[PDB]
Structures are given as C-alpha cells and as structure tokens.
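Printed here is query32.cif (mmCIF, C-alpha atoms):
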```cif
data_data
#
loop_
_atom_site.group_PDB
_atom_site.id
_atom_site.type_symbol
_atom_site.label_atom_id
_atom_site.label_comp_id
_atom_site.auth_asym_id
_atom_site.auth_seq_id
_atom_site.Cartn_x
_atom_site.Cartn_y
_atom_site.Cartn_z
ATOM 1 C CA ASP A 437 -67.698 -4.482 -74.780
ATOM 2 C CA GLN A 438 -67.004 -2.977 -78.214
ATOM 3 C CA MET A 439 -65.892 -6.426 -79.308
ATOM 4 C CA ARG A 440 -69.066 -8.264 -78.323
ATOM 5 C CA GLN A 441 -70.986 -5.511 -80.110
ATOM 6 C CA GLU A 442 -68.688 -5.987 -83.103
ATOM 7 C CA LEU A 443 -69.290 -9.745 -83.165
ATOM 8 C CA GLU A 444 -73.061 -9.175 -83.089
ATOM 9 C CA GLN A 445 -73.011 -6.688 -85.970
ATOM 10 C CA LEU A 446 -70.547 -9.011 -87.731
ATOM 11 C CA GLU A 447 -72.967 -11.936 -87.509
ATOM 12 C CA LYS A 448 -75.614 -9.645 -88.999
ATOM 13 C CA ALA A 449 -73.285 -8.499 -91.791
ATOM 14 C CA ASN A 450 -72.117 -12.073 -92.432
ATOM 15 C CA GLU A 451 -75.694 -13.220 -92.976
ATOM 16 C CA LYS A 452 -76.316 -10.191 -95.211
ATOM 17 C CA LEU A 453 -73.217 -10.852 -97.315
ATOM 18 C CA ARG A 454 -74.290 -14.493 -97.536
ATOM 19 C CA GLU A 455 -77.624 -13.566 -99.121
ATOM 20 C CA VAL A 456 -76.030 -11.010 -101.434
ATOM 21 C CA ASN A 457 -73.409 -13.574 -102.505
ATOM 22 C CA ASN A 458 -76.169 -16.087 -103.249
ATOM 23 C CA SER A 459 -77.903 -13.441 -105.369
ATOM 24 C CA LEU A 460 -74.567 -12.710 -107.057
ATOM 25 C CA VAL A 461 -74.079 -16.393 -107.905
ATOM 26 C CA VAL A 462 -77.597 -16.585 -109.350
ATOM 27 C CA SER A 463 -76.926 -13.464 -111.426
ATOM 28 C CA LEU A 464 -73.588 -14.865 -112.626
ATOM 29 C CA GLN A 465 -75.098 -18.159 -113.769
ATOM 30 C CA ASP A 466 -77.920 -16.267 -115.496
ATOM 31 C CA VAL A 467 -75.311 -14.112 -117.259
ATOM 32 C CA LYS A 468 -73.338 -17.157 -118.404
ATOM 33 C CA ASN A 469 -76.602 -18.701 -119.638
ATOM 34 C CA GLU A 470 -77.165 -15.509 -121.627
ATOM 35 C CA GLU A 471 -73.638 -15.848 -123.014
ATOM 36 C CA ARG A 472 -74.139 -19.475 -124.047
ATOM 37 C CA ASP A 473 -77.448 -18.783 -125.787
ATOM 38 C CA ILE A 474 -75.995 -15.727 -127.546
ATOM 39 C CA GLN A 475 -73.041 -17.771 -128.796
ATOM 40 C CA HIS A 476 -75.373 -20.594 -129.869
ATOM 41 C CA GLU A 477 -77.458 -18.096 -131.847
ATOM 42 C CA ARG A 478 -74.250 -16.756 -133.402
ATOM 43 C CA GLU A 479 -73.260 -20.309 -134.358
ATOM 44 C CA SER A 480 -76.693 -20.830 -135.923
ATOM 45 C CA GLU A 481 -76.328 -17.601 -137.905
ATOM 46 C CA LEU A 482 -72.851 -18.654 -139.047
ATOM 47 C CA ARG A 483 -74.005 -22.104 -140.155
ATOM 48 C CA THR A 484 -77.005 -20.647 -142.001
ATOM 49 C CA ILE A 485 -74.922 -18.063 -143.859
ATOM 50 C CA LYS B 697 -68.352 -28.875 -78.881
ATOM 51 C CA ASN B 698 -64.662 -29.578 -78.288
ATOM 52 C CA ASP B 699 -64.115 -25.806 -78.262
ATOM 53 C CA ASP B 700 -66.831 -25.456 -75.611
ATOM 54 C CA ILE B 701 -65.175 -28.154 -73.488
ATOM 55 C CA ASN B 702 -61.868 -26.303 -73.881
ATOM 56 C CA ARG B 703 -63.607 -23.093 -72.788
ATOM 57 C CA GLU B 704 -64.956 -24.883 -69.711
ATOM 58 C CA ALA B 705 -61.432 -26.091 -68.930
ATOM 59 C CA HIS B 706 -60.090 -22.541 -69.245
ATOM 60 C CA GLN B 707 -62.892 -21.281 -66.991
ATOM 61 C CA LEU B 708 -61.749 -23.802 -64.378
ATOM 62 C CA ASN B 709 -58.201 -22.539 -64.937
ATOM 63 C CA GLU B 710 -59.385 -18.962 -64.392
ATOM 64 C CA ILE B 711 -61.007 -20.113 -61.146
ATOM 65 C CA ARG B 712 -57.611 -21.519 -60.138
ATOM 66 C CA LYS B 713 -56.034 -18.180 -61.092
ATOM 67 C CA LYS B 714 -58.585 -16.454 -58.856
ATOM 68 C CA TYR B 715 -57.560 -18.790 -56.027
ATOM 69 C CA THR B 716 -53.873 -17.974 -56.523
ATOM 70 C CA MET B 717 -54.735 -14.277 -56.552
ATOM 71 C CA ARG B 718 -56.683 -14.870 -53.332
ATOM 72 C CA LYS B 719 -53.408 -16.120 -51.870
ATOM 73 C CA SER B 720 -51.785 -12.948 -53.209
ATOM 74 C CA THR B 721 -54.475 -10.918 -51.423
ATOM 75 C CA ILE B 722 -53.799 -12.708 -48.141
ATOM 76 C CA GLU B 723 -50.104 -11.905 -48.640
ATOM 77 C CA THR B 724 -51.112 -8.257 -49.044
ATOM 78 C CA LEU B 725 -53.165 -8.641 -45.861
ATOM 79 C CA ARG B 726 -50.137 -10.017 -44.005
ATOM 80 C CA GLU B 727 -47.918 -7.135 -45.134
ATOM 81 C CA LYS B 728 -50.619 -4.623 -44.204
ATOM 82 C CA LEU B 729 -50.793 -6.185 -40.742
ATOM 83 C CA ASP B 730 -46.996 -5.992 -40.519
ATOM 84 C CA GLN B 731 -47.002 -2.274 -41.319
ATOM 85 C CA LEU B 732 -49.889 -1.596 -38.924
ATOM 86 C CA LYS B 733 -48.140 -3.439 -36.089
ATOM 87 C CA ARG B 734 -44.903 -1.535 -36.743
ATOM 88 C CA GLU B 735 -46.617 1.857 -36.766
ATOM 89 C CA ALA B 736 -48.687 0.885 -33.710
ATOM 90 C CA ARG B 737 -45.652 -0.102 -31.645
ATOM 91 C CA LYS B 738 -43.811 3.037 -32.775
ATOM 92 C CA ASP B 739 -46.670 5.377 -31.869
ATOM 93 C CA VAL B 740 -47.372 3.711 -28.519
ATOM 94 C CA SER B 741 -43.671 3.950 -27.649
ATOM 95 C CA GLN B 742 -43.717 7.634 -28.617
ATOM 96 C CA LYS B 743 -46.828 8.262 -26.508
ATOM 97 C CA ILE B 744 -45.359 6.455 -23.492
ATOM 98 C CA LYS B 745 -42.089 8.387 -23.764
ATOM 99 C CA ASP B 746 -43.954 11.696 -24.069
ATOM 100 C CA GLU C 399 -50.182 -24.674 -74.544
ATOM 101 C CA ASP C 400 -53.955 -25.092 -74.240
ATOM 102 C CA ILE C 401 -54.297 -21.563 -75.628
ATOM 103 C CA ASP C 402 -52.236 -22.618 -78.653
ATOM 104 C CA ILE C 403 -54.385 -25.756 -78.914
ATOM 105 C CA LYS C 404 -57.580 -23.725 -79.169
ATOM 106 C CA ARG C 405 -55.857 -21.352 -81.621
ATOM 107 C CA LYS C 406 -54.951 -24.225 -83.943
ATOM 108 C CA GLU C 407 -58.470 -25.595 -83.512
ATOM 109 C CA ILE C 408 -60.011 -22.272 -84.553
ATOM 110 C CA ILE C 409 -57.710 -21.779 -87.550
ATOM 111 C CA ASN C 410 -58.596 -25.293 -88.690
ATOM 112 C CA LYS C 411 -62.315 -24.711 -88.055
ATOM 113 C CA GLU C 412 -62.304 -21.527 -90.130
ATOM 114 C CA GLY C 413 -60.458 -23.492 -92.804
ATOM 115 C CA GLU C 414 -63.229 -26.078 -93.022
ATOM 116 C CA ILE C 415 -65.791 -23.259 -92.824
ATOM 117 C CA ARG C 416 -64.413 -21.489 -95.893
ATOM 118 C CA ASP C 417 -63.836 -24.773 -97.742
ATOM 119 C CA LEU C 418 -67.426 -25.831 -97.030
ATOM 120 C CA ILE C 419 -68.680 -22.431 -98.201
ATOM 121 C CA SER C 420 -66.799 -22.878 -101.478
ATOM 122 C CA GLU C 421 -68.104 -26.437 -101.859
ATOM 123 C CA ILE C 422 -71.725 -25.461 -101.214
ATOM 124 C CA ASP C 423 -71.422 -22.563 -103.668
ATOM 125 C CA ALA C 424 -70.089 -24.998 -106.274
ATOM 126 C CA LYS C 425 -72.920 -27.438 -105.562
ATOM 127 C CA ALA C 426 -75.443 -24.591 -105.805
ATOM 128 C CA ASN C 427 -74.039 -23.781 -109.244
ATOM 129 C CA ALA C 428 -74.280 -27.480 -110.128
ATOM 130 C CA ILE C 429 -77.898 -27.767 -108.958
ATOM 131 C CA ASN C 430 -78.801 -24.610 -110.881
ATOM 132 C CA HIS C 431 -77.262 -26.156 -113.996
ATOM 133 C CA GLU C 432 -79.200 -29.353 -113.306
ATOM 134 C CA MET C 433 -82.521 -27.536 -112.900
ATOM 135 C CA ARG C 434 -82.046 -25.466 -116.060
ATOM 136 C CA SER C 435 -81.102 -28.632 -117.963
ATOM 137 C CA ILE C 436 -84.086 -30.599 -116.642
ATOM 138 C CA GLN C 437 -86.528 -27.787 -117.425
ATOM 139 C CA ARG C 438 -85.133 -27.368 -120.952
ATOM 140 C CA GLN C 439 -85.308 -31.082 -121.738
ATOM 141 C CA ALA C 440 -88.746 -31.357 -120.124
ATOM 142 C CA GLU C 441 -89.955 -28.531 -122.368
ATOM 143 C CA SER C 442 -88.479 -30.321 -125.385
ATOM 144 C CA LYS C 443 -90.231 -33.563 -124.406
ATOM 145 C CA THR C 444 -93.535 -31.723 -123.969
ATOM 146 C CA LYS C 445 -93.103 -30.159 -127.412
ATOM 147 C CA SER C 446 -92.402 -33.592 -128.905
ATOM 148 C CA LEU C 447 -95.265 -35.458 -127.211
ATOM 149 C CA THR C 448 -97.844 -32.654 -127.287
ATOM 150 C CA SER D 728 -66.775 -7.097 -117.299
ATOM 151 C CA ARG D 729 -69.877 -7.209 -115.101
ATOM 152 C CA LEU D 730 -68.864 -10.743 -114.087
ATOM 153 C CA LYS D 731 -65.375 -9.475 -113.240
ATOM 154 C CA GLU D 732 -66.894 -6.734 -111.076
ATOM 155 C CA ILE D 733 -69.128 -9.196 -109.226
ATOM 156 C CA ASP D 734 -66.143 -11.527 -108.740
ATOM 157 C CA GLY D 735 -64.195 -8.602 -107.299
ATOM 158 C CA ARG D 736 -66.956 -7.818 -104.830
ATOM 159 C CA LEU D 737 -67.054 -11.534 -104.011
ATOM 160 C CA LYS D 738 -63.362 -11.192 -103.162
ATOM 161 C CA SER D 739 -64.237 -8.195 -100.989
ATOM 162 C CA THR D 740 -66.931 -10.197 -99.179
ATOM 163 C CA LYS D 741 -64.489 -13.069 -98.624
ATOM 164 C CA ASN D 742 -61.956 -10.623 -97.184
ATOM 165 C CA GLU D 743 -64.677 -9.228 -94.917
ATOM 166 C CA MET D 744 -65.697 -12.676 -93.669
ATOM 167 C CA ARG D 745 -62.083 -13.677 -93.063
ATOM 168 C CA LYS D 746 -61.595 -10.471 -91.050
ATOM 169 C CA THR D 747 -64.663 -11.491 -89.035
ATOM 170 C CA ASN D 748 -62.950 -14.849 -88.483
ATOM 171 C CA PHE D 749 -59.819 -13.092 -87.195
ATOM 172 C CA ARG D 750 -62.003 -10.991 -84.908
ATOM 173 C CA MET D 751 -63.738 -14.027 -83.395
ATOM 174 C CA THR D 752 -60.323 -15.626 -82.901
ATOM 175 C CA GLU D 753 -59.466 -12.456 -80.982
ATOM 176 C CA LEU D 754 -62.801 -12.893 -79.187
ATOM 177 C CA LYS D 755 -61.908 -16.205 -77.638
ATOM 178 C CA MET D 756 -58.343 -15.030 -77.088
ATOM 179 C CA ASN D 757 -59.759 -12.368 -74.767
ATOM 180 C CA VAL D 758 -62.207 -14.911 -73.353
ATOM 181 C CA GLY D 759 -59.197 -16.853 -72.085
ATOM 182 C CA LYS D 760 -57.428 -14.144 -70.086
ATOM 183 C CA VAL D 761 -56.761 -13.615 -66.393
ATOM 184 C CA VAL D 762 -58.926 -11.111 -64.510
ATOM 185 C CA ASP D 763 -57.551 -9.151 -61.546
ATOM 186 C CA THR D 764 -60.739 -7.790 -59.950
ATOM 187 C CA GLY D 765 -60.315 -9.854 -56.774
ATOM 188 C CA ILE D 766 -58.128 -7.194 -55.173
ATOM 189 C CA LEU D 767 -60.646 -4.574 -56.304
ATOM 190 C CA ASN D 768 -63.613 -6.394 -54.752
ATOM 191 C CA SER D 769 -61.757 -7.186 -51.521
ATOM 192 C CA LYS D 770 -60.595 -3.576 -51.238
ATOM 193 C CA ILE D 771 -64.137 -2.299 -51.853
ATOM 194 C CA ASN D 772 -65.393 -4.590 -49.086
ATOM 195 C CA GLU D 773 -62.637 -3.312 -46.786
ATOM 196 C CA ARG D 774 -63.607 0.289 -47.545
ATOM 197 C CA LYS D 775 -67.284 -0.478 -46.905
#
```
Would you mind giving the structure from this file in structure tokens?
Amino acid sequence: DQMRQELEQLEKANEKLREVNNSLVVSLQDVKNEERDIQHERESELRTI
Amino acid sequence: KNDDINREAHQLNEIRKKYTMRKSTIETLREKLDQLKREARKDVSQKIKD
Amino acid sequence: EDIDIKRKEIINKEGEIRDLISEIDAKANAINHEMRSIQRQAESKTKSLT
Amino acid sequence: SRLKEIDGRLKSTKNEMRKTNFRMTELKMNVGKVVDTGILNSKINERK
C-alpha cells in the first residue's frame, strides 16, 4: 500500500524534477553564452588597447 | 512488453502456488478429520462406558 | 531464476533509461547551440542585406 | 559557482531518480511473491 502510493508520488516528483532539470539546462547554456560574450568583449577590449 | 509477459508468467506461477497451497489446505482438512474422528471415538467410548 | 531474469532486465532497462536521458540532454544542448547559431547568423545576414 | 551549484543539484536529482528506480525494482520484486490468503479465505468460509 505505502509502496504503490510511493510510486505514484515518485512519478509525480520524477516529472517535476524533469522539468526543473530542463530549466536548469536552459539556464546553464544561457550562463555559458553570457560567459562567451563577456570573454569576447574582453578580447575586443584587449585588442583595441 | 517482455517485462509484462514475464509478469503474466509469474502470475500463472502464483496461480500454481495457490493450487499447491490448496493441496496443503486439503492436507489440513485431512488432519482435522483425523483429530475429530479420534476425539469422537474417545468420547463415544467414554459415554458408553459411563 | 525467472526472478533473477526480470531483475537483470530491470537493471539493464534503467541503464538504457539513464543513458537515454543523458543523450537527450546532450542533444537538447546541441539543438540550443544550433538555434542560437542560426539566429545569430540570420541576424547578421539581415544586417548585410537590409 | 552558480553553475557548480546547479550541477550539484543535478547530481541530487539524479540520485533521487536512481532511488526511484531502486524502489520500482522493489515494486516488481514484491509483485512476484507468494500470497498465503487461501487458508484465511477457506477458514473464514468454514467459520461462516
């Protein structure tokens, strides 16, 4: 009984963690895009100076 | 799907286990009848002697 | 033995499940890189032509 | 550092999902077990 209930709530939590992991991956790639553009701007500043 | 077929096979196996336990129950029935017949003969002998 | 068979089947199945999750996450990262690249180069082409 | 934190919570989510996998393995372990309610049902019928 407790174990069927656990599998149900576990399916729910597995879906939830799936969406939050997708959001995490999107955030991580956005952060690395920020890093690459920041370093490109730094390279431009270095080449100009 | 293979897992589901395996589960069906194990359900058939559990049915076979239920059949074997049915045989165990009829063994319990036979031993119950043995004890009842022993107590019945003992009590009827006691009543006749009294 | 059939119990052990379904146990090995489930450990395998979870193995492919986690491997497929990793692969689809990697391909999601790849498609995000592709879409950012295509939008950047499309913007550059629009700036050039227009 | 933020990326390291999100990677750590990714590790936590992977541990959680693998625990769910262990628990469903337990689930079909207990699916394939013998049940001894036949004596109970027969005895209830006898009592009735």
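Note that the spacing between atom CA of residue A:437 and atom CA of residue D:750 amounts to 13.3 Å.
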Would you list which chain D residues are within 7 Å of chain B using only C-alpha atoms, as a PyMOL selection string?
chain D and resi 759+761+766
Report as a PyMOL selection string the set of chain C residues whose atoms approach chain B to within 12 Å, with distances computed over all atoms listed in the file.
chain C and resi 399-411
As a ChimeraX atom specification, could you give me every residue of chain D near chain A (at most 10 Å apart, counting all atoms listed in the file)?
/D:729-731,733-734,736-737,740-741,743-744,746-748,750-751,753-754,757
Target residues per the PyMOL selection byres ((chain C and resi 427) around 12), formatted as a VMD selection string:
(chain A and resid 458 to 466 468 to 469) or (chain C and resid 420 to 426 428 to 434)
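Going from atom CA of residue A:470 to atom CA of residue C:444 covers 23.2 Å.
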Quick one: what's the axis-aligned box for stretch 729-738 of chain D, all listed atoms, 3 Å on every side, centre and edges in Å to one decimal, as lines of an AutoDock Vina configuration file?
```
center_x = -66.6
center_y = -9.1
center_z = -109.1
size_x = 12.5
size_y = 10.8
size_z = 17.9
```
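One distance worth recording is that between atom CA of residue A:480 and atom CA of residue C:435, which is 20.1 Å.
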Mind rebuilding stretch 736-771 of chain D with N, CA and C atoms and writing that out as a compact mmCIF listing (two decimals), in the frame of the given file?
```txt
# COMPACT_ATOMS: atom_id res chain seq x y z
N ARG D 736 -66.23 -8.07 -106.07
CA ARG D 736 -66.96 -7.82 -104.83
C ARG D 736 -67.16 -9.11 -104.04
N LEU D 737 -67.15 -10.26 -104.72
CA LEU D 737 -67.05 -11.53 -104.01
C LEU D 737 -65.75 -11.63 -103.24
N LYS D 738 -64.64 -11.21 -103.86
CA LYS D 738 -63.36 -11.19 -103.16
C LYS D 738 -63.42 -10.27 -101.96
N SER D 739 -64.08 -9.12 -102.11
CA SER D 739 -64.24 -8.20 -100.99
C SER D 739 -65.04 -8.83 -99.86
N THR D 740 -66.13 -9.53 -100.20
CA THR D 740 -66.93 -10.20 -99.18
C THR D 740 -66.14 -11.30 -98.48
N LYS D 741 -65.32 -12.04 -99.24
CA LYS D 741 -64.49 -13.07 -98.62
C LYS D 741 -63.45 -12.46 -97.69
N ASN D 742 -62.87 -11.32 -98.09
CA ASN D 742 -61.96 -10.62 -97.18
C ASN D 742 -62.68 -10.17 -95.93
N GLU D 743 -63.90 -9.66 -96.08
CA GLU D 743 -64.68 -9.23 -94.92
C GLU D 743 -64.96 -10.40 -93.98
N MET D 744 -65.37 -11.54 -94.53
CA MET D 744 -65.70 -12.68 -93.67
C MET D 744 -64.44 -13.24 -93.01
N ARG D 745 -63.30 -13.22 -93.71
CA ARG D 745 -62.08 -13.68 -93.06
C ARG D 745 -61.64 -12.72 -91.96
N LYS D 746 -61.85 -11.41 -92.14
CA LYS D 746 -61.60 -10.47 -91.05
C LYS D 746 -62.51 -10.75 -89.86
N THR D 747 -63.77 -11.09 -90.12
CA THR D 747 -64.66 -11.49 -89.04
C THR D 747 -64.13 -12.73 -88.33
N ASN D 748 -63.55 -13.67 -89.09
CA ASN D 748 -62.95 -14.85 -88.48
C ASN D 748 -61.77 -14.48 -87.59
N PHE D 749 -60.90 -13.58 -88.05
CA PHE D 749 -59.82 -13.09 -87.20
C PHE D 749 -60.38 -12.46 -85.93
N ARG D 750 -61.47 -11.70 -86.06
CA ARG D 750 -62.00 -10.99 -84.91
C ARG D 750 -62.63 -11.95 -83.90
N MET D 751 -63.23 -13.04 -84.36
CA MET D 751 -63.74 -14.03 -83.40
C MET D 751 -62.61 -14.85 -82.78
N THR D 752 -61.51 -15.05 -83.52
CA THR D 752 -60.32 -15.63 -82.90
C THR D 752 -59.82 -14.73 -81.78
N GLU D 753 -59.77 -13.42 -82.04
CA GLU D 753 -59.47 -12.46 -80.98
C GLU D 753 -60.48 -12.56 -79.85
N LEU D 754 -61.75 -12.79 -80.19
CA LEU D 754 -62.80 -12.89 -79.19
C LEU D 754 -62.48 -13.97 -78.17
N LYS D 755 -62.18 -15.18 -78.64
CA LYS D 755 -61.91 -16.20 -77.64
C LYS D 755 -60.47 -16.17 -77.14
N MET D 756 -59.59 -15.38 -77.77
CA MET D 756 -58.34 -15.03 -77.09
C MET D 756 -58.63 -14.24 -75.82
N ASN D 757 -59.46 -13.20 -75.93
CA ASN D 757 -59.76 -12.37 -74.77
C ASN D 757 -60.74 -13.04 -73.82
N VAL D 758 -61.44 -14.08 -74.28
CA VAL D 758 -62.21 -14.91 -73.35
C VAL D 758 -61.27 -15.62 -72.39
N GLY D 759 -60.18 -16.18 -72.91
CA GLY D 759 -59.20 -16.85 -72.08
C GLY D 759 -58.09 -15.95 -71.60
N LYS D 760 -58.41 -15.03 -70.69
CA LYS D 760 -57.43 -14.14 -70.09
C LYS D 760 -57.70 -14.04 -68.59
N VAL D 761 -56.64 -13.75 -67.84
CA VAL D 761 -56.76 -13.62 -66.39
C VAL D 761 -57.43 -12.29 -66.06
N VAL D 762 -58.23 -12.29 -64.99
CA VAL D 762 -58.93 -11.11 -64.51
C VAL D 762 -58.45 -10.83 -63.09
N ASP D 763 -58.14 -9.56 -62.82
CA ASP D 763 -57.55 -9.15 -61.55
C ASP D 763 -58.47 -8.23 -60.76
N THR D 764 -59.76 -8.56 -60.71
CA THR D 764 -60.74 -7.79 -59.95
C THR D 764 -60.90 -8.28 -58.52
N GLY D 765 -60.21 -9.36 -58.14
CA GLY D 765 -60.32 -9.85 -56.77
C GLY D 765 -59.80 -8.85 -55.76
N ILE D 766 -58.65 -8.24 -56.04
CA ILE D 766 -58.13 -7.19 -55.17
C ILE D 766 -59.10 -6.03 -55.12
N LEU D 767 -59.70 -5.68 -56.26
CA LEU D 767 -60.65 -4.57 -56.30
C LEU D 767 -61.86 -4.86 -55.42
N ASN D 768 -62.44 -6.05 -55.55
CA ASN D 768 -63.61 -6.39 -54.75
C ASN D 768 -63.28 -6.47 -53.27
N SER D 769 -62.15 -7.10 -52.92
CA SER D 769 -61.76 -7.19 -51.52
C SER D 769 -61.50 -5.80 -50.94
N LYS D 770 -60.86 -4.93 -51.71
CA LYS D 770 -60.60 -3.58 -51.24
C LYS D 770 -61.88 -2.78 -51.08
N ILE D 771 -62.84 -2.97 -51.98
CA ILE D 771 -64.14 -2.30 -51.85
C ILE D 771 -64.85 -2.76 -50.59
```
